[PDB]
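What follows is a single chain, given as structure tokens, in the form deposited in one PDB entry.
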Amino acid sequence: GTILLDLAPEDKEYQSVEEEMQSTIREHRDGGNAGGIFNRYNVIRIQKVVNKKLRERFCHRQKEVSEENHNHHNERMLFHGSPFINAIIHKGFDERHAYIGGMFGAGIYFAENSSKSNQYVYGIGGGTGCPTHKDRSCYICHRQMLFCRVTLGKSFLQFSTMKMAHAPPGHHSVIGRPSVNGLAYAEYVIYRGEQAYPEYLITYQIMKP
């Protein structure tokens, strides 16, 4: 099964992940309702997720998408928050557990801004917040999020909602791009679980400003 390798804070790999997580924090349009109010995270640990079987499924699909898209698989490192993160590290990403109510329909959603994925750690809209205190802005409880390899292939770009069950014909993913009267931050959607790998597991707290 899945093995977690602990990365030391002194390692460049830990430092790159933490820097991407911290630098991509943004102020959200919901006044912090979903994910809480913070300018910084306190990173507890960063672990590399090892699973040969899951890795093979991901690499097999990446090669297939690369062949279909003029040798450009268009992988990107992106964040994912979910209340069911434990299932993802042990069983991998699964479109059978898609976010049905997402703006692009029943896909698996990722963010390039860590704070957007932080809005989903305790569920859609932040749910009822942490299990212990029922606080979406809890500064005590440890949160987890994933920093993932995502195979995008040929993306269908959109500015506003377009619900679908599967990728558009001839495409491998959908991207919601930010725009003036539209999205604040980008989102990336795949419709096949084998198009993402949970590369890193980050344990963190949000910090009170």
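Note that residue numbering follows the sequence shown and begins at 1. Think of the rigid core as the biggest set of C-alphas that the two forms share within 1.5 Å after superposition.
Just so you know, the form deposited in another entry exists too; it's not on screen, but the next bit is about it.
Just one of the listed positions, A87, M77, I124, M103, moves its Cα by at least 2 Å between this form and the one not shown when the rigid core is held fixed, and it is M103. Relative to the superposed core, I175 undergoes a C-alpha shift smaller than 2 Å between this form and the one not shown. In this overlay on the rigid core, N39 has a C-alpha that sits less than 2 Å away from its partner position between this form and the one not shown.
The Cα position of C141 differs by less than 2 Å between this form and the one not shown after fitting on the rigid core. Relative to this form, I25 and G102 separate from one another in the other form, with their C-alpha atoms ending up at least 3 Å farther apart. Pairwise change in the other form: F104 and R136 C-alpha atoms lie closer than in the shown form, at least 3 Å.
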